[PDB]
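> please find the sequence and an experimentally derived structure below.
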Amino acid sequence: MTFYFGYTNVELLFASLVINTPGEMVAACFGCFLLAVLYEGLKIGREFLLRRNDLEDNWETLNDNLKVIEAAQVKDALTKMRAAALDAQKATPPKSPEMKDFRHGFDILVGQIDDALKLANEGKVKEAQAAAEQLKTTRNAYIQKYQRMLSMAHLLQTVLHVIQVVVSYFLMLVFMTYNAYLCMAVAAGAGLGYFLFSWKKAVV
Amino acid sequence: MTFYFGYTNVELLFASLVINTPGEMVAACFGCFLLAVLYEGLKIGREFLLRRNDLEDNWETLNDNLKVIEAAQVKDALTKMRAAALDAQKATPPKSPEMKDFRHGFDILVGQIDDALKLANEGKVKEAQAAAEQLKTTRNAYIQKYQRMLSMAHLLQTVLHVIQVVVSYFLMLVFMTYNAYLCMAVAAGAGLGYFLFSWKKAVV
Amino acid sequence: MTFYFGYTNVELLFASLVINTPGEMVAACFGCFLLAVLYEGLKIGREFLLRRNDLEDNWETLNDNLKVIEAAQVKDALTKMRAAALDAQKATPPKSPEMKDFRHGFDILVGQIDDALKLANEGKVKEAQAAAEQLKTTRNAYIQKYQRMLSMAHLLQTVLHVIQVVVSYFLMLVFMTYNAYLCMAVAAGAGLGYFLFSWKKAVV
Ligand SMILES: [Cu+]
Ligand SMILES: [Cu+]
Ligand SMILES: [Zn+2]
Ligand SMILES: [Zn+2]
Ligand SMILES: [Zn+2]
């Protein structure tokens, strides 16, 4: 009835899936386990991508500091824009020709900020302001369109949430079979699966 | 038995709710769908409020920097207090007479910090310290009580969690009916619902 | 059938657990309630520990700033290293001889940073760089091994997730009994339990 140990006449979610041998059970126990791993991974992997979209700040840091720059506080705003520009260049879409355009455009943005700071370190106020307004040519030229990376990520992350919700429900259904070999298979899968993909984000 | 497609003799959570026509099914499928949307919204909307309580930092930033100020490092602590004071003024309770008192009090706090920095930019140490101690009159006068905004938010967010837990369980029960029209209705609702309220926080 | 109020012939997860008296029901209702409290606590308590591992930044802030220091920008990097060193010393493993070694080692790290800033405030460039390289003796001597605190925490947090997943599933099973006294017991437990452990992190 209610937390049995068995391998006989156990239906599994779909009408075609039924198990009457122990060899069929290990198949079901390996699948339910892998679903439990895939799940806790899915959840982490989905967050990792969400935290990577950092860029949303970097991008708005550059554009908020330019609006702040447009009165010798400019050099500090530009220091904030320099750090933002570097972590932004590291970025890459989720797994090379467009990327080489995007990354090579960011090389300039650093140098242009160094020059407008080289004026501002000497004492030059209005000349760095005009040099800052030349950055708006460059960021528009290369980076502003490749915003595509951002949209692609949210859509990918919607699609992941969808699947994450189904897979959750599926693991509830298998747990509701009340079959301790399956229930354990899931629980142990959730236990280990989390550990492995936890170890992988710590590597990154 | 087990992932059927049907509209005949399907009970739905409560003894009174049973469906024997396809027209009753779409009613059940629209409700289960809307519950799936309302849910993924509830979750996001509940986090949005939690992240808005920022203020808990702004407030403790002001009060930690005053304790830091009470030796020409004061002007920097006051710069941190200026930024804190502005984002704090933007704030508003979850959906005007008390707000106009709260926001108009914050106008002073900015000006008072500008004056105690206008002393500290000229070189005046002990005079800015005494001007800083005049801020403790103002923040107590207007802002310190309206702390109410904070308590109202956590209580609202408790009440949301409560409902969020029930609604979760209800969606599990409907999924457990094993009726593919309902199961899909939920899953598709979770899929889309997330997308819409995801799009709404990106607007904010 | 389907959201009944009853205390007669209600099995509860395990074959041995069955209830036929109202006195047995309150026992089941108190246990299901406490499981609902323990749960929402478990979730919060598990996050609290995760957010405490701050240290992972403090540690990498010190080691990234030393690499940055190895040209009178060093004094600022050292200011960042000073703040990092203090919040790092506060830290403690989850509930005294090793701790007294760890905390007393951090006293030096602050003083050593103050001295290498006392050189850098006077104008001395290369002397503070060599004084910074003396910090690498001290952090290795005491703090770098006690990294143990970090590993102990992730392993503890794996073990918590495991139990958190089981307890979730168990609360689903009791809710699936469709017995309104149990269902309420859980829901009310989740409602209150969250409030109490929410109140406890706000105390910390
Ligand atoms: Cu169920
Ligand atoms: Cu569930
Ligand atoms: Zn998990
Ligand atoms: Zn979700
Ligand atoms: Zn919760």
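Thanks, I have the structure now. Numbers count the residues shown, from 1 in each chain, chains lettered A, B, ... in the order given. Ligands and ions are numbered 1, 2, ... in the order given.
> can we go C-alpha only for contacts and neighbour counts from here?
Noted.
> now the host helix or strand of residue A:115: buried residues?
For residue A:115, the element it lies in under DSSP states H and E is helix A:97-122. Buried positions in helix A:97-122, judged by neighbour count with 16 or more other C-alpha atoms under 10 Å in any protein chain shown: A:102-103, A:105-106, A:109-110, A:112-114, A:116-117, A:119-120.
> partner strands of the longest strand seen in chain A, parallel or antiparallel?
When chain A is scanned for its longest strand (criterion: DSSP state E), the result is strand A:14-19. When pairing is defined by DSSP bridges, strand A:14-19 lines up against strand A:10-12 (antiparallel).
> find the closest residue to chain B in chain A.
Residue of chain A nearest chain B, by C-alpha to the nearest C-alpha: residue A:162 (4.8 Å).
> looking at it, that residue is touching residue B:193, isn't it?
No - here residue A:162 lies out of contact with residue B:193, judged by C-alpha atoms under 8 Å, at a distance of 10.1 Å.
> more neighbours, these two?
Using other C-alpha atoms under 10 Å in any protein chain shown as the criterion, residue A:162 and residue B:193 rank with residue B:193 on top: 23 against 18.
> residues from chain A in reach of chain B?
Within chain A, the positions near chain B by C-alpha under 8 Å from any C-alpha of the partner chain are A:13, A:14, A:15, A:158, A:159, A:161, A:162, A:165, A:166, A:169, A:173.
> could you identify the buried members of those residues?
A:13, A:158, A:161, A:162, A:165, A:166, A:169, A:173.
> quick one: those as CSV, columns for secondary structure too.
Putting those into CSV (DSSP: H, G, I helix; E, B strand; the rest coil) gives the following:
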residue, secondary structure
A:13, coil
A:158, helix
A:161, helix
A:162, helix
A:165, helix
A:166, helix
A:169, helix
A:173, helix
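> and which of those is nearest residue B:1?
residue A:13 (9.4 Å; C-alpha to C-alpha).
> that older thread, of all the residues of chain A next to chain B, which two lie farthest apart?
Using C-alpha to C-alpha for every pair in the residues of chain A next to chain B, the one that comes out farthest apart is A:15 and A:158, at 29.8 Å.
> could you list the domains of chain A?
Following automatic domain parsing, one gets these domains for chain A: A:10-51+A:163-203, A:53-153.
> between the two ends of the longest one, how far is it?
Domain A:53-153 stretches 8 Å from its first residue to its last (C-alpha to C-alpha, to the nearest Å).
> are it and chain C in contact anywhere?
No - between domain A:53-153 and chain C, judged by C-alpha under 8 Å from any C-alpha, nothing touches; the nearest distance is 12.4 Å.
> report the distance from that domain to the chain centre.
Relative to its chain's centre, domain A:53-153 lies at 22 Å (C-alpha atoms, centre = their mean, to the nearest Å).
> same for the helix holding residue A:115, what does it pack against?
For helix A:97-122, the contact count by 3 or more C-alpha pairs under 8 Å, 6 or more residues apart in numbering or on different chains; DSSP states H and E identifies helix A:74-90, helix A:126-141 as packing neighbours.
> would you list these in a markdown table and tack on mean neighbour count?
A markdown table is the format used below for the helices and strands packed on helix A:97-122 (neighbours: other C-alpha atoms under 10 Å in any protein chain shown):
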| stretch | mean neighbour count |
| --- | --- |
| helix A:74-90 | 18 |
| helix A:126-141 | 15 |
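> and these: which comes nearest residue B:138?
helix A:74-90 (30.5 Å).
> what does the closest one rub up against?
A:55, A:58-59, A:61-62, A:65-66, A:68-69, A:102-103, A:106, A:109-110, A:113, A:116-117, A:120-121, A:129 (C-alpha atoms under 8 Å, 6 or more residues apart in numbering or on different chains).
> what do you get if the cut-off is 6 Å, keeping everything else the same?
Contact with helix A:74-90 is made by A:58, A:62, A:65, A:103, A:117, A:120, as judged by C-alpha atoms under 6 Å, 6 or more residues apart in numbering or on different chains.
> center of chain A, which residue is that?
Centroid check for chain A by C-alpha atoms, centre = their mean gives residue A:49 as the closest residue, at 0.5 Å.
> quick one: what helix or strand has that residue in it?
helix A:22-52.
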